[PDB]
Amino acid sequence: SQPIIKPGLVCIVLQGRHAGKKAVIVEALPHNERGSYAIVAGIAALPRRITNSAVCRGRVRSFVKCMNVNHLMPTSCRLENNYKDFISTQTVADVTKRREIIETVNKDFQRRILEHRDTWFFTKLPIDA
Amino acid sequence: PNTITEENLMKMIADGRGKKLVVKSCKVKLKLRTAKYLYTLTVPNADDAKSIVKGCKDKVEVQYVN
Amino acid sequence: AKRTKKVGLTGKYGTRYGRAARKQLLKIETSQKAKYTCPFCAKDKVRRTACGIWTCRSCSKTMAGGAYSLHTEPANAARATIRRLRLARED
Amino acid sequence: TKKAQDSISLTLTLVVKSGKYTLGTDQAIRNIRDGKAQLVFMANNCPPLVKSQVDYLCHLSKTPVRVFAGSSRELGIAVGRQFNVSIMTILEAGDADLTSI
Amino acid sequence: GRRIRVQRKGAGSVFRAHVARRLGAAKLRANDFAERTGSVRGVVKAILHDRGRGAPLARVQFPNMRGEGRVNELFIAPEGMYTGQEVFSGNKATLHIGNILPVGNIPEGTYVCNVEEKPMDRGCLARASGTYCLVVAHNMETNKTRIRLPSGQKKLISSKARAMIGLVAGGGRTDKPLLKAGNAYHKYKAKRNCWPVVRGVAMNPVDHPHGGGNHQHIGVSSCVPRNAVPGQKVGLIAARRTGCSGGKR
Amino acid sequence: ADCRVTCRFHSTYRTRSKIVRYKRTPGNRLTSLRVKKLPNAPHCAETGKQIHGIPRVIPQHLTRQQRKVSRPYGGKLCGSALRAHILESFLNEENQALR
RNA sequence: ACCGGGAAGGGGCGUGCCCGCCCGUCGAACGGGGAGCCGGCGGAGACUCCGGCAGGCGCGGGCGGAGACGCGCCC
RNA sequence: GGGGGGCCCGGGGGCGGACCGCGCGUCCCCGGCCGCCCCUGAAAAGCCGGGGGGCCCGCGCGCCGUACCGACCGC
RNA sequence: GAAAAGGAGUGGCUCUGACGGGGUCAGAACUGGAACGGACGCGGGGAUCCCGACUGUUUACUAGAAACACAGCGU
Ligand SMILES: [K+]
Ligand SMILES: [K+]
Ligand SMILES: [K+]
Ligand SMILES: [K+]
Ligand SMILES: [K+]
Ligand SMILES: [K+]
Ligand SMILES: [K+]
Ligand SMILES: [K+]
Ligand SMILES: [K+]
Ligand SMILES: [K+]
Ligand SMILES: [K+]
Ligand SMILES: [K+]
Ligand SMILES: [K+]
Ligand SMILES: [K+]
Ligand SMILES: [K+]
Ligand SMILES: [K+]
Ligand SMILES: [K+]
Ligand SMILES: [K+]
Ligand SMILES: [K+]
Ligand SMILES: [K+]
Ligand SMILES: [K+]
Ligand SMILES: [Mg+2]
Ligand SMILES: [Mg+2]
Ligand SMILES: [Mg+2]
Ligand SMILES: [Mg+2]
Ligand SMILES: [Mg+2]
Ligand SMILES: [Mg+2]
Ligand SMILES: [Mg+2]
Ligand SMILES: [Mg+2]
Ligand SMILES: [Mg+2]
Ligand SMILES: [Mg+2]
């Protein structure tokens, strides 16, 4: 009935170095030669346990890539953001931008977690008991 | 044993990693005896002149022809 | 052009062992060399690998079955009767 | 029953003569996520991990999904092919009504 | 005389079973806390040929219930079992080929295999290829169950004895003639030193009670009584009748 | 001429680890050279197929980077087996809860 | 002398904690096994000596790719 | 299928170490298939990966066998 | 059964045709005591009767068989 690959959707990554990790769809690129792609930002490492007995422990690591949609499994879950305001093609061989773009997604994911926001997004999917 | 590009040859010399050098006339063969491998470089006689002048004074050179 | 008239695959035995045994083997050996249907593949690629052990060459699934055929007639009836007993357990 | 299926047969043929459609699982996923699928039709031996995924993708898109009552070989026969068809996706009903379902 | 062939087999040495390269002893899963109050889920890993045995075996992996990791079991495979299948063991398991249930919870008419004759013994009846037991009736007040063995005998067992649903795979094996002495040689090379067989009347009197004579012949009746002593108990032991005749029903 | 050679090993019993090949030496001589057995490369725990990217060398002789693949379950699962575990995990959570 | 599990059966460290069900440095100069090639010399030895060229095991001074894939340790 | 790629491959080439072509076979090893079994064709030391949690230059390599022979058993 | 039984040809030299550089296969003229698988290697055949179905095993050193075993059948 209706298309579902829309900005704001949360997908699970299926192939590559980040398989089994969650990400958001920044942008749903048009369709031409090579198939169908999307700009995708997602978490690479989550922070560890912090007992009361810590800046080096609790940081986040992000990745921003163009990904093939046949390598994504979408979900019901949702995540509002503003990351399109500075992610169009500065992530496309524009290496100078692409490093720093990741830095300002660490900060937001860092900010979100302290407020305890979007718990289902920042939790790890259990595999292969 | 292995071959080498000329620029790497002086750096091994520049760090005192060579033990003896041999010049061989045939195109000239320069053989340097390090701790791990023997290295061989082939140059024309025009080119070997300048390299040997650069030759580390702490690095024994010998010659050979027949 | 047809090469034998009756013996079929038991031509490998020559004149040995008598007529009643060769008659039994023609039926048994035809059955165990056959291709059966994957209950999962839905393709006709199941072959015996040992007595009781059957593998799809397309699914790669392995199955437990008869000695010389994929399904036996006692096991067909057992599966049919067991299924009706479970559904009857449902209220 | 008997009246029911002779309509399911009649519609399944109507699409393959006048109206678009695809056969296969990889063509069916790429269309459902893009909202082109008016219907999805599956076989009763469709692999169980794959069937779970097709239903999940269907509920997100609101694409109806039914289950044909025969093996993947019967579906091949039904739409007129010599090969097994696990998933059939109808894009345009053309002259079929699709009310049979 | 000397010691006869049946007297020499009890001592071991060359008559012990040929157990090298065998997969292990085949048993049901051990009854534990979780199975008594519920059901435990396992997955079929492989279907394997065992040396000297007609039916195949199955390797099934269960989770460790008293620690972390997995537990690996070796089952006799019911017909229809397949790799990647999910089986269940316990009081609340359902009626599907492959599941292990107490025989009191199984309805009458069902085919079962690998049945315990006393609770928790891990299974000893109807284990050979093609065999099964039937569940005949339940006696609730005495907590006993009636079953029919592959020989046709009837028997009473506890209602908490466990069973596997289905019949043993490999059926029909004996319907193919062994054609050659060589096919018999390969069959017994995987079991025991029991073949070929020399007849007693073909021997000298020192070797066997049937030996000797100017014609090959037994000489006396070959029905020997039940209380005959070792070395003497050859031929037909304690026979109710002999000969070939029909009319049995 | 005569090219026959003698045995190189401690005994002459030609087992599977005592196979040689033949080669001509710079002094015009026919020498024997042992032919090592080649070990298999690692195989997938779910499917039993060769894992891609690892050479058929015993891992003692391969650098740490040479012994690995860069993916979750890099040298254990064949890539397709990972994707099937990921889907089973995610979808069962969607069916054991919220219907 | 012959036969045998039903026994309060040992380790990591660093105190002090923590973990733990119960044999064999017996049995293969053909099975498994970390790594050797060429040239030369002697009356009798060489994959062992000498010269040359190597190999093995030890000891001391987070990134790229759309993807398949590419590029310190302890339980 | 077609177009473009990745990984394995006891092998070959070029440079190091340091005369030129063309053929039928033979032996040895390897490869992908196919056939066969009421027969389905060892184990362990050792070494490695995964998931989860906690965190260049020097020196050395001990013990035992190693000659020769169908010179062996049949007085 | 069957190489049933029975027949014919076969050297040397000069040539021709067929197969995609390579041997083979097919054919012809001429010629020699009326010879040709010229040494070497290499089934004699047929009509029947008795016994055991068959391959296999045995009295090392006077017995290899009709004796034992065997698949099958039955208690
Ligand atoms: K006696
Ligand atoms: K005696
Ligand atoms: K006796
Ligand atoms: K005796
Ligand atoms: K004995
Ligand atoms: K025997
Ligand atoms: K006998
Ligand atoms: K007698
Ligand atoms: K005693
Ligand atoms: K040993
Ligand atoms: K040995
Ligand atoms: K050894
Ligand atoms: K793992
Ligand atoms: K020596
Ligand atoms: K001629
Ligand atoms: K005989
Ligand atoms: K023979
Ligand atoms: K004799
Ligand atoms: K004899
Ligand atoms: K004989
Ligand atoms: K005999
Ligand atoms: Mg006798
Ligand atoms: Mg007596
Ligand atoms: Mg020892
Ligand atoms: Mg050895
Ligand atoms: Mg010598
Ligand atoms: Mg010697
Ligand atoms: Mg005979
Ligand atoms: Mg004979
Ligand atoms: Mg004799
Ligand atoms: Mg004799």
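Here is the naming used below: chain letters follow the sequence lines, and residue numbers restart at 1 for every chain.
Each of H/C57, H/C36, G/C73 was ranked by its minimum atom distance to the side chain of C/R47; first place goes to H/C36. In this structure, of H/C57, G/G56, I/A71, it is I/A71 that holds the atom nearest to the side chain of E/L178. The side chain of E/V198 lies closest to I/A69 when the candidates are H/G41, G/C63, I/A69. When distances are taken from the side chain of F/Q60 to each of H/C57, H/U40, G/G56, the shortest belongs to G/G56. You'll find that the side chain of F/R67 is closest to H/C48, out of H/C57, H/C48, I/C70. If you check G/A66, H/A42, G/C53 against the side chain of A/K65, the one that comes closest is G/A66. Considering only the side chain of E/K187, H/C38 comes nearest among G/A35, H/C57, H/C38.
Heavy-atom distances to RNA chain I give each of E/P177 and E/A202 a nearest nucleotide, and the one nearer the 5′ end belongs to E/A202. Take the nearest nucleotide of RNA chain I for E/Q216 and for E/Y188: the residue whose nucleotide is more 5' is E/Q216. Comparing A/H71 and B/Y39 by the nucleotide of RNA chain G whose heavy atom lies nearest to each, the residue mapping closer to the 5' end is B/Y39. Mapping F/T12 and A/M67 onto RNA chain G by nearest heavy atom places F/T12 at the nucleotide closer to the 5' end.
For H/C8, the torsion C1'-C2'-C3'-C4' is above zero, which places the sugar in the north, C3'-endo range. For G/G9, the ring torsion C1'-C2'-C3'-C4' comes out negative, which puts the sugar in the south group. On the basis of its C1'-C2'-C3'-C4' angle being negative, I/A60 carries a south sugar. Evaluation of the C1'-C2'-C3'-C4' torsion of I/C61 gives a negative value and hence a south sugar. Nucleotide G/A66 shows a positive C1'-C2'-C3'-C4' value and thus a north, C3'-endo-like sugar.
Entry note: G/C50 and G/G39 meet the pairing test, Watson-Crick or G-U wobble at under 3.5 angstrom for both distances. Under the 3.5 Å cutoff applied to both distances, G/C17 and G/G12 qualify as a Watson-Crick or G-U wobble pair. G/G51 and G/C38 are base-paired, meeting the Watson-Crick or G-U wobble geometry with both donor-acceptor distances under 3.5 Å.
Pairing analysis of RNA chain I (Watson-Crick: purine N1 to pyrimidine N3 plus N6-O4 or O6-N4; G-U wobble: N1-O2 and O6-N3; both under 3.5 Å) yields stems of 3 or more pairs at I:14-16 with I:26-28.
Distance CD (F/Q65) to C1' (G/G70): 9 Å, rounded to an integer number of Å. Between F/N40 atom CG and H/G31 atom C1' there is a gap of 14 Å when expressed in whole angstrom units. For the pair E/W195 CH2 and H/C39 P, the computed distance is 15 Å after rounding to whole Å. Between the NE2 atom of E/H18 and the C1' atom of H/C39 there is a distance of 13 Å, given to the nearest Å. In this structure, B/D15 atom CG and H/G58 atom P are separated by 13 Å, rounded to whole Å. H/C39 atom P lies 10 Å from atom CD1 of C/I53, rounded to whole Å. Counting to the nearest Å, the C1' atom of H/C38 and the CD atom of C/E29 are 13 Å from each other. For the pair E/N183 CG and I/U55 P, the computed distance is 17 Å after rounding to whole Å.
Looking at heavy-atom distances under 4.0 Å, F/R8 makes contact with a base. Nucleic acid contact class of F/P59 (heavy atoms, under 4.0 Å, all strands): sugar-phosphate only. In this structure, A/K124 reaches the sugar-phosphate backbone alone: every heavy-atom distance under 4.0 Å involves primed, P, OP1 or OP2 atoms, never a base. Residue E/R53 is out of contact with every strand shown, counting any heavy-atom pair closer than 4.0 Å. Contacts of A/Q15 with the nucleic acid, taken as non-hydrogen atoms under 4.0 Å apart, involve only primed sugar atoms and P, OP1 or OP2. Residue contacts for F/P42: at a heavy-atom cut-off of 4.0 Å it reaches no nucleic acid atom on any strand shown. Looking at heavy-atom distances under 4.0 Å, F/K49 makes no contact with the nucleic acid at all. Among the protein residues, C/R57 comes within range of the sugar-phosphate backbone only, with heavy atoms under 4.0 Å from sugar or phosphate atoms but none that close to a base. Within 4.0 Å of C/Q32, counting heavy atoms only, lie sugar-phosphate atoms of the nucleic acid but no base atom. Contacts of A/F63 with the nucleic acid, taken as non-hydrogen atoms under 4.0 Å apart, are absent. Heavy atoms of E/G170 sit nowhere under 4.0 angstrom from any nucleic acid atom. Here E/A184 lies in heavy-atom contact (under 4.0 Å) with sugar-phosphate atoms only.
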Between the protein and nucleotides 52-54 of chain I, which nitrogen or oxygen pairs are less than 3.5 angstrom apart?
residue, atom, partner, partner atom, Å
I/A53, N6, C/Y17, N, 3.3
I/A53, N1, C/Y17, N, 3.1

Under 3.5 Å between N/O atoms: give me all the protein pairs with nucleotides 4-10 of chain H, atom names plus distance.
residue, atom, partner, partner atom, Å
H/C7, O2', F/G53, N, 3.0
H/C8, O2', F/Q50, NE2, 3.3
H/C9, OP1, F/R56, N, 3.2

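Remark: B/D15 does not engage B/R17 in a salt bridge, criterion side-chain N to carboxylate O under 4.0 Å.
The same atom, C1', is picked in G/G61 and in H/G46; the two are 32 Å apart, to the nearest Å. When the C1' atom is compared between H/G32 and H/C8, the two are found 14 Å apart, to the nearest whole Å. As rounded to the nearest Å, H/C47 and G/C23 have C1' atoms that lie 26 Å from one another. Annotation: I/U31 and I/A26 have their P atoms spaced 25 Å apart (nearest Å). I/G6 and I/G11 have their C1' atoms separated by 27 Å, given to the nearest Å. Nucleotides H/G23 and H/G1, compared at atom P, are 34 Å apart to the nearest Å. Atom name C1', nucleotides I/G27 and I/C42: the rounded distance is 31 Å, in whole Å.
Here the options are A/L72, A/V40, A/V69, the test is side chain to side chain contact (heavy atoms under 4.5 Å, CB included), and the partner is A/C11; only A/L72 passes.
When Watson-Crick and G-U wobble pairs are counted only if both distances are under 3.5 Å, H/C56 pairs with G/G61.
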Applying ring-ring contact (aromatic ring centres under 6.0 Å, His included), run through E/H215 and E/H217 and close with a yes or a no. CA-CA 6 Å; E/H215 309 274; E/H217 77 296; 7.2 Å; no
So if I define the base as every atom that isn't primed, P, OP1 or OP2, how would nucleotides 65-72 of chain H read as a B/S/- string at a heavy-atom cutoff under 4.0 Å? --------
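Among residues two or more places apart in sequence or in another chain, the ring pair (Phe, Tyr, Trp, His ring centres under 6.0 Å) test is passed with F/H85 by none.
For the atom pair CD (C/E29) and CD (C/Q24), the distance works out to 10.5 Å, reported to the nearest 0.5 Å.
A heavy atom closer than 4.0 Å to some atom of RNA chain G occurs in F/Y13, F/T15, F/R16, F/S17, F/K18, F/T25, F/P26, F/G27, F/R29, F/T31, F/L33, these being the qualifying members of residues 13-34 of chain F.
Donor-acceptor pairing under 3.5 Å, judged by distance alone, is present between the side chain of A/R17 and the base of G/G64.
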